[PDB]
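With CSV, C-alpha atoms and all ligand atoms inside, this is target.csv:
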chain,number,residue,atom,x,y,z
A,1,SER,CA,45.2,-134.6,-105.4
A,2,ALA,CA,47.6,-134.6,-108.4
A,3,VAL,CA,45.4,-135.2,-111.5
A,4,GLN,CA,43.2,-132.4,-110.3
A,5,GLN,CA,46.2,-130.0,-110.2
A,6,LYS,CA,47.1,-130.8,-113.8
A,7,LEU,CA,43.5,-130.6,-115.0
A,8,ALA,CA,43.2,-127.3,-113.2
A,9,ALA,CA,46.4,-126.1,-114.9
A,10,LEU,CA,45.2,-127.3,-118.3
A,11,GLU,CA,41.9,-125.4,-117.8
A,12,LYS,CA,43.8,-122.3,-116.8
A,13,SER,CA,46.0,-122.5,-119.9
A,14,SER,CA,43.0,-122.9,-122.2
A,15,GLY,CA,41.0,-119.8,-121.3
A,16,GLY,CA,37.8,-121.8,-120.8
A,17,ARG,CA,35.8,-124.0,-118.5
A,18,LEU,CA,36.6,-127.7,-118.3
A,19,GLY,CA,34.5,-130.5,-116.9
A,20,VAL,CA,35.8,-134.1,-116.5
A,21,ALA,CA,34.5,-137.3,-114.9
A,22,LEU,CA,36.3,-140.6,-114.8
A,23,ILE,CA,34.8,-143.9,-113.5
A,24,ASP,CA,37.2,-146.7,-112.9
A,25,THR,CA,35.0,-149.8,-112.7
A,26,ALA,CA,37.7,-151.8,-111.0
A,27,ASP,CA,36.9,-150.3,-107.6
A,28,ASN,CA,34.0,-148.0,-108.7
A,29,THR,CA,36.3,-145.0,-107.9
A,30,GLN,CA,35.8,-141.6,-109.6
A,31,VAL,CA,38.0,-138.7,-110.6
A,32,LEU,CA,36.0,-135.5,-111.2
A,33,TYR,CA,36.8,-131.9,-112.1
A,34,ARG,CA,33.8,-129.6,-112.0
A,35,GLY,CA,31.8,-132.9,-112.0
A,36,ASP,CA,28.7,-131.3,-110.6
A,37,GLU,CA,28.6,-128.2,-112.9
A,38,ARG,CA,26.2,-128.0,-115.8
A,39,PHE,CA,27.7,-128.1,-119.3
A,40,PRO,CA,26.0,-127.9,-122.8
A,41,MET,CA,25.8,-131.4,-124.1
A,42,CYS,CA,25.6,-130.5,-127.8
A,43,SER,CA,25.7,-133.7,-129.9
A,44,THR,CA,26.7,-136.0,-127.0
A,45,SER,CA,23.0,-136.1,-126.2
A,46,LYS,CA,22.6,-138.3,-129.3
A,47,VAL,CA,23.8,-141.3,-127.2
A,48,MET,CA,20.8,-140.9,-125.0
A,49,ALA,CA,18.4,-140.7,-128.0
A,50,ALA,CA,19.8,-143.7,-129.7
A,51,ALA,CA,19.8,-145.6,-126.4
A,52,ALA,CA,16.1,-144.7,-125.9
A,53,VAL,CA,15.1,-146.0,-129.3
A,54,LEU,CA,17.1,-149.2,-128.5
A,55,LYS,CA,15.1,-149.5,-125.3
A,56,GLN,CA,11.9,-149.4,-127.3
A,57,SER,CA,13.2,-152.1,-129.7
A,58,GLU,CA,13.3,-154.4,-126.6
A,59,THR,CA,9.5,-154.5,-127.0
A,60,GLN,CA,9.2,-153.8,-130.7
A,61,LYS,CA,11.5,-156.5,-132.1
A,62,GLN,CA,11.6,-155.1,-135.6
A,63,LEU,CA,11.9,-151.4,-134.7
A,64,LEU,CA,15.4,-150.9,-136.1
A,65,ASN,CA,14.2,-152.2,-139.5
A,66,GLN,CA,11.4,-149.7,-139.7
A,67,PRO,CA,11.8,-147.3,-142.6
A,68,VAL,CA,11.6,-143.6,-142.1
A,69,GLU,CA,11.1,-141.0,-144.9
A,70,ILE,CA,13.8,-138.4,-145.4
A,71,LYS,CA,12.1,-135.3,-146.9
A,72,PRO,CA,13.7,-132.0,-148.0
A,73,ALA,CA,12.0,-130.1,-145.2
A,74,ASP,CA,13.7,-132.4,-142.7
A,75,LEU,CA,17.1,-131.1,-143.7
A,76,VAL,CA,19.0,-128.8,-141.2
A,77,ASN,CA,22.5,-127.3,-140.8
A,78,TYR,CA,24.6,-130.5,-140.8
A,79,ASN,CA,23.3,-133.7,-142.5
A,80,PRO,CA,26.2,-135.8,-144.0
A,81,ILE,CA,24.2,-139.0,-144.3
A,82,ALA,CA,20.5,-137.9,-144.6
A,83,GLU,CA,21.5,-135.7,-147.5
A,84,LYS,CA,22.1,-138.9,-149.4
A,85,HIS,CA,18.6,-140.4,-149.0
A,86,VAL,CA,16.4,-137.3,-149.5
A,87,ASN,CA,13.1,-138.3,-151.1
A,88,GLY,CA,13.9,-141.8,-150.0
A,89,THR,CA,13.8,-143.7,-146.7
A,90,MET,CA,16.2,-144.7,-144.0
A,91,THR,CA,15.7,-147.3,-141.3
A,92,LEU,CA,15.9,-146.5,-137.6
A,93,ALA,CA,19.1,-148.6,-137.4
A,94,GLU,CA,20.8,-146.5,-140.1
A,95,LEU,CA,19.6,-143.3,-138.6
A,96,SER,CA,21.0,-144.3,-135.2
A,97,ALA,CA,24.3,-145.1,-136.9
A,98,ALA,CA,24.3,-141.8,-138.8
A,99,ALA,CA,23.6,-139.9,-135.5
A,100,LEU,CA,26.2,-141.7,-133.5
A,101,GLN,CA,29.0,-142.2,-136.0
A,102,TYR,CA,28.7,-139.1,-138.2
A,103,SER,CA,26.7,-136.8,-135.8
A,104,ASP,CA,23.9,-136.3,-138.4
A,105,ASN,CA,21.5,-133.8,-137.0
A,106,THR,CA,18.6,-134.9,-139.2
A,107,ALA,CA,19.1,-138.4,-138.0
A,108,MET,CA,19.0,-137.2,-134.4
A,109,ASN,CA,15.7,-135.3,-135.1
A,110,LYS,CA,14.2,-138.5,-136.4
A,111,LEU,CA,15.2,-140.3,-133.2
A,112,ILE,CA,13.6,-137.5,-131.2
A,113,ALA,CA,10.4,-137.8,-133.3
A,114,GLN,CA,10.3,-141.5,-132.8
A,115,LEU,CA,10.4,-140.9,-129.0
A,116,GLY,CA,7.6,-138.3,-129.1
A,117,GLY,CA,9.7,-135.2,-128.6
A,118,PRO,CA,12.7,-134.1,-126.5
A,119,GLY,CA,10.6,-135.0,-123.4
A,120,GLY,CA,10.7,-138.6,-124.5
A,121,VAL,CA,14.5,-138.5,-124.5
A,122,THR,CA,14.6,-136.9,-121.0
A,123,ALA,CA,12.0,-139.4,-119.8
A,124,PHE,CA,14.3,-142.3,-120.8
A,125,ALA,CA,17.2,-140.7,-118.8
A,126,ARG,CA,15.0,-140.5,-115.7
A,127,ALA,CA,13.8,-144.1,-116.2
A,128,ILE,CA,17.4,-145.3,-115.9
A,129,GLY,CA,18.2,-143.0,-112.9
A,130,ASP,CA,19.6,-139.8,-114.5
A,131,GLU,CA,18.0,-136.8,-112.7
A,132,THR,CA,20.4,-134.3,-114.3
A,133,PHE,CA,20.1,-134.9,-118.1
A,134,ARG,CA,17.6,-132.6,-119.7
A,135,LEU,CA,17.0,-132.3,-123.4
A,136,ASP,CA,14.7,-129.4,-124.4
A,137,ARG,CA,15.3,-128.7,-128.1
A,138,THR,CA,15.8,-130.5,-131.4
A,139,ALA,CA,18.9,-130.0,-133.5
A,140,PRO,CA,20.6,-127.7,-134.4
A,141,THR,CA,19.2,-125.2,-131.8
A,142,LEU,CA,20.2,-127.5,-128.9
A,143,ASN,CA,23.8,-126.4,-129.6
A,144,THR,CA,23.4,-122.8,-128.7
A,145,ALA,CA,25.4,-123.4,-125.5
A,146,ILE,CA,24.5,-120.1,-123.9
A,147,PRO,CA,26.4,-119.5,-120.6
A,148,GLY,CA,24.0,-120.1,-117.7
A,149,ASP,CA,21.3,-121.6,-119.8
A,150,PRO,CA,20.0,-124.9,-118.2
A,151,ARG,CA,18.5,-126.1,-121.4
A,152,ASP,CA,20.1,-129.2,-123.0
A,153,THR,CA,22.7,-129.5,-120.2
A,154,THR,CA,24.0,-132.2,-117.9
A,155,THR,CA,26.9,-132.6,-115.5
A,156,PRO,CA,30.0,-134.7,-116.2
A,157,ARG,CA,29.2,-136.9,-113.2
A,158,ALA,CA,25.7,-137.8,-114.3
A,159,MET,CA,26.8,-138.4,-118.0
A,160,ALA,CA,29.6,-140.7,-116.9
A,161,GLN,CA,27.3,-142.8,-114.7
A,162,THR,CA,24.7,-143.0,-117.4
A,163,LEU,CA,27.1,-143.9,-120.2
A,164,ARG,CA,28.4,-146.7,-117.9
A,165,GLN,CA,24.9,-148.2,-117.4
A,166,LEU,CA,24.2,-148.1,-121.1
A,167,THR,CA,27.4,-149.6,-122.5
A,168,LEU,CA,28.7,-151.5,-119.5
A,169,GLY,CA,25.7,-151.9,-117.2
A,170,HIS,CA,22.3,-153.4,-117.7
A,171,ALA,CA,20.1,-150.3,-118.3
A,172,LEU,CA,19.6,-151.8,-121.8
A,173,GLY,CA,19.1,-155.4,-123.0
A,174,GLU,CA,22.1,-157.5,-124.0
A,175,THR,CA,21.4,-157.3,-127.7
A,176,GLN,CA,20.7,-153.6,-127.4
A,177,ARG,CA,23.9,-152.9,-125.3
A,178,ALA,CA,26.1,-154.7,-127.8
A,179,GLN,CA,24.6,-152.8,-130.7
A,180,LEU,CA,25.3,-149.5,-129.0
A,181,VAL,CA,28.9,-150.5,-128.1
A,182,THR,CA,29.4,-151.5,-131.7
A,183,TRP,CA,28.0,-148.1,-132.9
A,184,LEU,CA,30.2,-146.1,-130.6
A,185,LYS,CA,33.4,-148.0,-131.6
A,186,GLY,CA,32.7,-147.0,-135.2
A,187,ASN,CA,32.5,-143.3,-134.5
A,188,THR,CA,34.3,-141.2,-137.1
A,189,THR,CA,34.4,-137.8,-135.5
A,190,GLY,CA,36.6,-138.4,-132.5
A,191,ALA,CA,40.1,-138.8,-133.8
A,192,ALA,CA,41.3,-135.5,-132.4
A,193,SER,CA,39.5,-135.7,-129.1
A,194,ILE,CA,39.7,-138.2,-126.2
A,195,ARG,CA,41.2,-140.8,-128.6
A,196,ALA,CA,44.2,-138.5,-129.3
A,197,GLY,CA,45.2,-138.6,-125.7
A,198,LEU,CA,45.0,-142.3,-125.0
A,199,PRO,CA,47.5,-145.2,-125.6
A,200,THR,CA,47.0,-146.6,-129.1
A,201,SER,CA,46.6,-150.1,-127.6
A,202,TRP,CA,43.2,-149.0,-126.1
A,203,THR,CA,39.9,-149.6,-127.9
A,204,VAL,CA,37.6,-146.6,-127.5
A,205,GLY,CA,33.9,-146.0,-128.2
A,206,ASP,CA,33.0,-142.3,-128.1
A,207,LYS,CA,30.6,-139.6,-129.2
A,208,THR,CA,31.7,-136.0,-129.7
A,209,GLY,CA,29.9,-132.7,-129.6
A,210,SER,CA,30.5,-129.1,-130.5
A,211,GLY,CA,28.5,-125.9,-130.6
A,212,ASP,CA,28.7,-122.2,-130.0
A,213,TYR,CA,30.8,-120.5,-127.3
A,214,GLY,CA,33.6,-122.9,-128.5
A,215,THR,CA,31.9,-125.8,-126.9
A,216,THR,CA,33.9,-129.0,-127.5
A,217,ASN,CA,32.7,-132.2,-125.9
A,218,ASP,CA,33.5,-135.9,-125.9
A,219,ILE,CA,32.2,-138.9,-123.9
A,220,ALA,CA,33.9,-142.3,-124.1
A,221,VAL,CA,34.0,-145.8,-122.7
A,222,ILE,CA,37.6,-147.2,-122.7
A,223,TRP,CA,38.7,-150.8,-122.8
A,224,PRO,CA,42.4,-151.1,-121.9
A,225,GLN,CA,43.8,-154.5,-122.7
A,226,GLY,CA,44.1,-156.7,-119.6
A,227,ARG,CA,42.3,-154.1,-117.5
A,228,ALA,CA,38.7,-153.4,-116.4
A,229,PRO,CA,37.0,-150.8,-118.6
A,230,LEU,CA,36.8,-147.0,-117.9
A,231,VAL,CA,34.2,-144.3,-118.6
A,232,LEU,CA,35.5,-140.8,-119.4
A,233,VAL,CA,33.5,-137.6,-120.0
A,234,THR,CA,35.2,-134.4,-121.1
A,235,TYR,CA,33.2,-131.2,-121.5
A,236,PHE,CA,34.7,-127.8,-122.5
A,237,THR,CA,33.2,-124.4,-123.1
A,238,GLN,CA,34.5,-120.9,-123.6
A,239,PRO,CA,33.5,-117.3,-122.9
A,240,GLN,CA,33.5,-116.1,-126.6
A,241,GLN,CA,30.4,-116.8,-128.6
A,242,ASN,CA,32.4,-117.2,-131.8
A,243,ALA,CA,35.3,-119.1,-130.2
A,244,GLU,CA,37.0,-121.9,-132.1
A,245,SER,CA,36.7,-125.5,-131.2
A,246,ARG,CA,39.4,-126.9,-128.8
A,247,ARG,CA,39.5,-130.6,-129.4
A,248,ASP,CA,43.1,-130.5,-128.2
A,249,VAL,CA,42.0,-129.7,-124.7
A,250,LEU,CA,39.9,-132.9,-124.5
A,251,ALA,CA,42.9,-135.0,-125.7
A,252,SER,CA,45.1,-133.3,-123.1
A,253,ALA,CA,42.5,-134.0,-120.3
A,254,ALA,CA,42.4,-137.6,-121.4
A,255,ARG,CA,46.2,-137.9,-121.4
A,256,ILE,CA,46.3,-136.4,-117.9
A,257,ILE,CA,43.7,-138.9,-116.8
A,258,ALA,CA,45.4,-141.9,-118.5
A,259,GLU,CA,48.8,-141.1,-116.9
A,260,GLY,CA,47.5,-141.7,-113.4
B,301,LIG,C1,26.3,-131.6,-132.2
B,301,LIG,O1,27.3,-131.4,-131.5
B,301,LIG,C2,26.3,-131.1,-133.7
B,301,LIG,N1,26.8,-129.8,-133.7
B,301,LIG,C3,26.2,-128.7,-134.5
B,301,LIG,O2,25.3,-128.9,-135.2
B,301,LIG,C4,26.9,-127.3,-134.5
B,301,LIG,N2,25.9,-126.3,-134.8
B,301,LIG,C5,28.0,-127.2,-135.5
B,301,LIG,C6,29.2,-126.9,-135.1
B,301,LIG,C7,30.3,-126.8,-136.0
B,301,LIG,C8,30.0,-127.1,-137.4
B,301,LIG,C9,28.7,-127.5,-137.7
B,301,LIG,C10,27.7,-127.5,-136.8
B,301,LIG,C11,27.1,-132.1,-134.6
B,301,LIG,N3,28.1,-132.8,-133.8
B,301,LIG,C12,29.6,-131.9,-134.0
B,301,LIG,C13,30.6,-132.6,-133.6
B,301,LIG,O3,30.5,-133.9,-133.3
B,301,LIG,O4,31.8,-132.1,-133.5
B,301,LIG,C14,29.6,-131.6,-135.4
B,301,LIG,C15,30.5,-130.3,-135.7
B,301,LIG,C16,30.1,-132.8,-136.2
B,301,LIG,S1,27.9,-131.3,-135.8

Can the structure in the file be given as structure tokens, please?
Ligand SMILES: *C(=O)[C@@H](NC(=O)[C@H](N)c1ccccc1)[C@@H]1N[C@@H](C(=O)O)C(C)(C)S1
Amino acid sequence: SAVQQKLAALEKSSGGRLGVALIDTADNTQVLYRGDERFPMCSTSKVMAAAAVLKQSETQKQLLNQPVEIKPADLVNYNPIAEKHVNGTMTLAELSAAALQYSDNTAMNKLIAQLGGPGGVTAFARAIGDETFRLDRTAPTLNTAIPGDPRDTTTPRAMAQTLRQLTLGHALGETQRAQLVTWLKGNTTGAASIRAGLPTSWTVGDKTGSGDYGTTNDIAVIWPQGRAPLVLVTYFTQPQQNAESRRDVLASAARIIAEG
């Protein structure tokens, strides 16, 4: 096609490996680039953990109000919000918001513990029809992003289809869906990623990720005004273990996608 030529040229100019999946819900048409290759999800897997807790709250009506202790031993590499409530408590709602909007790794580990381990997160993916998503580790070691390692990976095609069913489809309840959409719209980490390549008039809910090997990820659901929504997944990884993050590549991929 044409978008695929520019995405291929962008990837060639970056020195790394790019994965992109677009779903246009108007005709259920898809644009993919390496859409069936595995990529390290890094923190974009937090959307699946928050959605799995939300699915539990459909039965446990007061689940999101349940307090959870934050103890000093719970503290890991990056904890912007849970650092503030050490030796205190946080509800599951505020942990889900910390995980999605600030990418708090302690908050993610509390979501994983609430689901009974990483296998509880993968189980929820399979229950909604995602046979590709696999979460094996807690944070931060899920961000190792080793080339060829299948752990904590997915493909862009599967992630785009899953994010659509969670935020646009009916894989969740209506109250649960709207709460996740509200959370993703309030993300604070994605200004330089997919958001930077889209028209300002567009409202975006997204979750970013990053890890070793210069892994730089972003998944997003886009609402253009007067237009049916879109789902966009951009994954990027590099050959150097110490490589710097390349959020500019995700913006460029999004800009290429938005043009056509
Ligand atoms: C998931 O992607 C998380 N990433 C990490 O914990 C990495 N080990 C890390 C990379 C760089 C600096 C600190 C930790 C969290 N989500 C990232 C993101 O959304 O970009 C993060 C850097 C905010 S941490």

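Between atom CA of residue A:162 and atom CA of residue A:90 the separation is 28.0 Å.
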
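Taking all atoms listed in the file into account, the residues that come within 7 Å of ligand LIG 301 (chain B) are residues 42, 43, 44, 77, 78, 102, 103, 104, 105, 139, 140, 143, 189, 208, 209, 210, 211 and 212 of chain A.
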
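Of the listed residues (A:254, A:9, A:2, A:26), A:26 comes nearest to residue A:227; the distances count all atoms listed in the file.
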
(request) Quote the spacing between atom CA of residue A:116 and atom CA of residue A:70 in Å to one decimal place. (result) 17.4 Å

(request) Would you mind telling me which residue in A:110, A:151, A:126, A:84 lies nearest to residue A:46 when using all atoms listed in the file? (result)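 When distances to residue A:46 are compared using all atoms listed in the file, the smallest one comes from A:110.
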
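A straight line drawn from atom CA of residue A:16 to atom CA of residue A:200 is 27.7 Å long.
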
Reconstruct N, CA and C atoms of stretch 182-199 of chain A; output as a JSON list (two decimals), in the coordinates of the input.
[["chain", "number", "residue", "atom", "x", "y", "z"],
["A", 182, "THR", "N", 28.90, -151.39, -130.36],
["A", 182, "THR", "CA", 29.40, -151.50, -131.70],
["A", 182, "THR", "C", 29.30, -150.16, -132.45],
["A", 183, "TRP", "N", 28.21, -149.43, -132.22],
["A", 183, "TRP", "CA", 28.00, -148.10, -132.90],
["A", 183, "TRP", "C", 29.09, -147.15, -132.42],
["A", 184, "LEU", "N", 29.28, -147.05, -131.10],
["A", 184, "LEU", "CA", 30.20, -146.10, -130.60],
["A", 184, "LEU", "C", 31.66, -146.38, -130.98],
["A", 185, "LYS", "N", 32.01, -147.66, -131.12],
["A", 185, "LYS", "CA", 33.40, -148.00, -131.60],
["A", 185, "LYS", "C", 33.60, -147.58, -133.01],
["A", 186, "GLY", "N", 32.54, -147.47, -133.82],
["A", 186, "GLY", "CA", 32.70, -147.00, -135.20],
["A", 186, "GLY", "C", 32.52, -145.56, -135.41],
["A", 187, "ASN", "N", 32.62, -144.77, -134.35],
["A", 187, "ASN", "CA", 32.50, -143.30, -134.50],
["A", 187, "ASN", "C", 33.67, -142.81, -135.37],
["A", 188, "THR", "N", 33.37, -141.80, -136.18],
["A", 188, "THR", "CA", 34.30, -141.20, -137.10],
["A", 188, "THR", "C", 34.75, -139.81, -136.79],
["A", 189, "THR", "N", 34.15, -139.19, -135.77],
["A", 189, "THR", "CA", 34.40, -137.80, -135.50],
["A", 189, "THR", "C", 35.33, -137.53, -134.35],
["A", 190, "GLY", "N", 35.85, -138.57, -133.71],
["A", 190, "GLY", "CA", 36.60, -138.40, -132.50],
["A", 190, "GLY", "C", 38.06, -138.57, -132.50],
["A", 191, "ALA", "N", 38.67, -138.51, -133.68],
["A", 191, "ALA", "CA", 40.10, -138.80, -133.80],
["A", 191, "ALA", "C", 40.96, -137.79, -133.05],
["A", 192, "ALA", "N", 40.54, -136.53, -133.00],
["A", 192, "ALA", "CA", 41.30, -135.50, -132.40],
["A", 192, "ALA", "C", 40.94, -135.19, -130.94],
["A", 193, "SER", "N", 40.00, -135.94, -130.39],
["A", 193, "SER", "CA", 39.50, -135.70, -129.10],
["A", 193, "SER", "C", 40.07, -136.61, -128.02],
["A", 194, "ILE", "N", 39.21, -137.32, -127.27],
["A", 194, "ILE", "CA", 39.70, -138.20, -126.20],
["A", 194, "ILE", "C", 40.64, -139.27, -126.81],
["A", 195, "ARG", "N", 40.36, -139.74, -128.02],
["A", 195, "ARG", "CA", 41.20, -140.80, -128.60],
["A", 195, "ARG", "C", 42.64, -140.30, -128.79],
["A", 196, "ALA", "N", 42.85, -139.01, -129.05],
["A", 196, "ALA", "CA", 44.20, -138.50, -129.30],
["A", 196, "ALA", "C", 45.07, -138.48, -128.07],
["A", 197, "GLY", "N", 44.48, -138.58, -126.88],
["A", 197, "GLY", "CA", 45.20, -138.60, -125.70],
["A", 197, "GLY", "C", 45.43, -139.90, -124.98],
["A", 198, "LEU", "N", 45.01, -140.99, -125.60],
["A", 198, "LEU", "CA", 45.00, -142.30, -125.00],
["A", 198, "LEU", "C", 46.05, -143.22, -125.69],
["A", 199, "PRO", "N", 46.61, -144.20, -124.98],
["A", 199, "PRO", "CA", 47.50, -145.20, -125.60],
["A", 199, "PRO", "C", 46.79, -145.87, -126.81]]
